[PDB]
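Breakdown of the fold
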Amino acid sequence: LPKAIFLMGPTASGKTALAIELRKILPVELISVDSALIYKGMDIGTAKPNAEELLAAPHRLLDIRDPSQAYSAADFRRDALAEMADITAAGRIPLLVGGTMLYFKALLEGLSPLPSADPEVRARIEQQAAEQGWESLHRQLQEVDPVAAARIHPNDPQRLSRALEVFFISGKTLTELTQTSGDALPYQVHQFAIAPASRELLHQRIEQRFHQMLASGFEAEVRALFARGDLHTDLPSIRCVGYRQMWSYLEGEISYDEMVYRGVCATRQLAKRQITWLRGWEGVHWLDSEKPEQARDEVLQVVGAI
RNA sequence: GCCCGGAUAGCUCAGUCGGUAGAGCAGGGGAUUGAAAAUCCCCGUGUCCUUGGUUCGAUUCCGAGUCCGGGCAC
Ligand SMILES: CC(C)=CCSP(=O)(O)OP(=O)(O)O
Ligand SMILES: [Mg+2]
Ligand SMILES: [Mg+2]
Ligand SMILES: [Mg+2]
Ligand SMILES: [Mg+2]
Ligand SMILES: [Mg+2]
Ligand SMILES: [Mg+2]
Ligand SMILES: [Mg+2]
Ligand SMILES: [Mg+2]
């Protein structure tokens with residue numbers, strides 16, 4: 001029953017700022033919960049904390065992967081669980097910060113044990129999609145696993161592929177394996193979420209931030225990655241907001257102004273979904289991004305003196 | 001100044017053989033089990049620029065005006 005804290009929220013909501021200020025009055029250790037902040041070489045477009053901030057409040061799970069190697073909610077849970085052990089062992093409290101809700105979820109509720117990605121069976125699945133389309137595959141999932149087929153739309157290639165893969169590797173069906181639940185988070189968690197008071201203020205912060213990045217050398221950053229010649233748009237790292245658009249720009253597929261428009265929109269759409277996650281998330285205490293930055297107090301009281 | 005194209009949803013544009021119109025994108029909402037900053041599902045009434053003409057009826061054809069891209073001329 002050790003204690004732990006979750007500081008969630010959408011992009012540009014001031015989560016990072018709040019976390020280090022918290023480090024000041026609480027015996028907490030910061031753990032990053034961000035699918036993009038894991039990449040080495042992706043610092044400005046991901047809004048990664050700078051070296052000074054990191055000096056004040058160290059973050060675990062940052063720069064732990066090369067943009068060419070995919071991560072997963074499963075890998076995060078493992079790494080996260082291990083980092084928490086180490087932290088609580090030191091008599092301090094784990095403060096998980098980020099905007100990647102699926103990771104928070106996988107960590108909190110666990111994950112049904114399932115086979116990991118198998119590049120070979122995926123390549124085959126992709127192959128059959130090009131020849132017969134994803135419909136042929138969805139009709140096949142329909143035969144072996146109807147429960148999953150009803151949930152997964154025939155237009156959802158990632159989930160469709162995933163449901164077939166599990167079956168092709170184990171022979172066991174996805175709905176059958178998911179009947180076994182994953183290990184819940186053996187911690188007492190206090191979940192907070194911070195966001196601006198209105199959707200429009202969020203949009204302004206998003207657009208403004210995107211320009212601060214361009215002005216901080218974002219383009220050059222993405223070019224360094226473009227120059228490696230080994231990264232492609234089917235990699236989680238390149239599909240990240242901002243990066244994907246900038247990649248289209250370096251490929252000469254779109255103009256600069258077009259890239260800036262799409263990156264901003266892409267970031268707003270991301271925020272929209274993040275808010276969808278938080279809405280209905282159980283046990284969430286809401287805090288305000290805007291000036292009520294002194295929301296640390298609401299944290300101080302909910303978690304109480306430790 | 002003259003000629004040729006545009007002018008229709010927040011933006012880019014389709015369309016209406018004359019019977020008041022629809023895609024994409026933007027935006028909104030919802031899903032979410034080893035790619036998740038990903039992948040996918042649902043939501044489209046707008047003085048069809050203005051004004052005359054013809055017409056039962058015009059955003060739609062014709063005339064003129066206005067604004068916007070070009071071209072010719074100085
Ligand atoms: C989505 C983009 C472009 C950057 C990541 S932003 P973030 O989640 O770090 O936002 P805050 O930490 O809340 O400022
Ligand atoms: Mg941050
Ligand atoms: Mg227009
Ligand atoms: Mg037209
Ligand atoms: Mg008709
Ligand atoms: Mg309509
Ligand atoms: Mg949209
Ligand atoms: Mg008329
Ligand atoms: Mg007319």
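Here is what the cut-offs are and how they apply
- Residues numbered from 1 in each chain as written, not as in the entry; some residues may be left out.
- Chains lettered and ligands numbered in written order.
- Heavy atoms only, no water.
- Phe/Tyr/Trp six-rings, centres within 6.5 Å; stacked < 30°, edge-to-face > 60°.
- Helix = DSSP H or I, 4+ residues; strand = E, 2+ residues; numbered from the N terminus.
- Buried < 20%, exposed > 50% of the residue type's maximum accessible area, 1.4 Å probe, protein only.
- Near = heavy atom within 4 Å.
- Polar contact = N/O pair within 3.5 Å; in protein donor to acceptor, adjacent residues only side chain to side chain.
- Nonpolar A, V, L, I, M, F, W, Y, C, P; charged D, E, K, R; others polar.
- UniProt positions renumbered as here; feature names shortened; annotations may be inferred.
- 1 Å grid on protein atoms, 1.4 Å probe; cavity = no way out; pocket = protein on both sides within 12 Å on 5 of 7 lines; lining within 4 Å.
- Contact = heavy atoms within 4.5 Å.
- Areas by Shrake-Rupley, 256 points an atom, 1.4 Å probe, with all protein chains shown as cover.
- Points joined across faces, edges and corners; volume = space filled by probe spheres on them.

A word on the packing of aromatic side chains. All told, the structure shown has nine aromatic pairs when counted by the stated rule. Geometrically, the ring pair formed by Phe 6 and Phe 104 is tilted, given 5.1 Å between the ring centres and 50° between the ring planes. Of this pair, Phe 6 sits in strand β1 (residues 3-8) while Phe 104 sits in helix α4 (residues 101-109); the two residues are 98 residues apart in sequence, bridging distant segments of the chain. With respect to burial, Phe 6 and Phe 104 carry one shared label: buried. Judged by centre distance (4.9 Å) and plane angle (85°), the ring pair of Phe 218 and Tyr 243 falls under edge-to-face. Taken together, the residues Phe 218 in helix α10 (residues 218-227) and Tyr 243 in helix α11 (residues 243-250) connect sequence positions 25 residues apart. Here the two residues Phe 218 and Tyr 243 agree in accessibility, since each one is buried. Clustering of aromatic rings is evident, with ring pairs tying together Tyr 71, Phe 76 and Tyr 103.

Around RNA strand B, a shell composed of 44 residues is seen, among which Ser 35, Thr 100, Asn 155, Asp 156 and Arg 199 lie nearest. Backbone sugar and phosphate groups make up 57% of those atoms of RNA strand B lying within 4 Å of the protein. A distance of 2.7 Å separates a base nitrogen of RNA strand B from a polar side-chain atom of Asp 34. Note that a base nitrogen of RNA strand B is positioned 3.3 Å from one of the backbone N or O atoms of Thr 46. Going through the elements one at a time, α4, α7 (157-170), α9 (199-214) and α12 (256-278) are the ones with two or more residues in the surface near RNA strand B. A breakdown of the residues in the surface near RNA strand B according to their chemical character gives 17 nonpolar, 15 polar and 12 charged.

The subject of this paragraph is the UniProt feature "binding site: substrate" in chain A. Residues annotated in UniProt with the feature "binding site: substrate" correspond here to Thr 11, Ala 12, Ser 13, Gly 14, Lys 15 and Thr 16. The subset of these annotated residues that lines the second largest pocket comprises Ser 13 and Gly 14. Looking at the secondary structure, you find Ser 13 in the loop between β1 and α1 (15-25). For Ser 13, a relative accessible area of 0% puts it in the buried group. Setting aside chain neighbours within four positions, we find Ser 13 in contact with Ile 194, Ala 195, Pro 196, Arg 205 and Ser 289. A polar contact of 3.1 Å, which involves the side chain of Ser 13, links it to the backbone oxygen of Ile 194. As for its placement among the helices and strands, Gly 14 is situated in the loop between β1 and α1. Judged by its relative accessible area of 29%, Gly 14 is partly exposed. Apart from the residues within four sequence positions on either side, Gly 14 is in contact with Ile 194 and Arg 205.

Taken together, 13 residues surround ligand 1, and among them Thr 11, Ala 12, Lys 15, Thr 16 and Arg 209 come closest. Contact between ligand 1 and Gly 14: an oxygen atom at 3.0 Å from a main-chain N or O atom of the residue. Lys 15 places a polar side-chain atom, nitrogen or oxygen, 2.8 Å from an oxygen atom of ligand 1. For ligand 1, whose free accessible area comes to 420 Å², the fraction covered by protein is 91%. Mapped onto the shell around ligand 1, the elements with two or more residues apiece are α1 and α9.

The next thing to look at is the layout of surface pockets. Looking at the second largest pocket, its volume works out to about 230 Å³. Considering the residues around the second largest pocket, the lining is formed by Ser 13, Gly 14, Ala 17, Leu 18, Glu 21, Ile 194, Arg 205, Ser 289, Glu 290, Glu 293, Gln 294 and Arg 296. If you tally residues by element for the lining of the second largest pocket, the top one is α1, at three residues. Of the residues that constitute the lining of the second largest pocket, the class distribution is three nonpolar, four polar and five charged.

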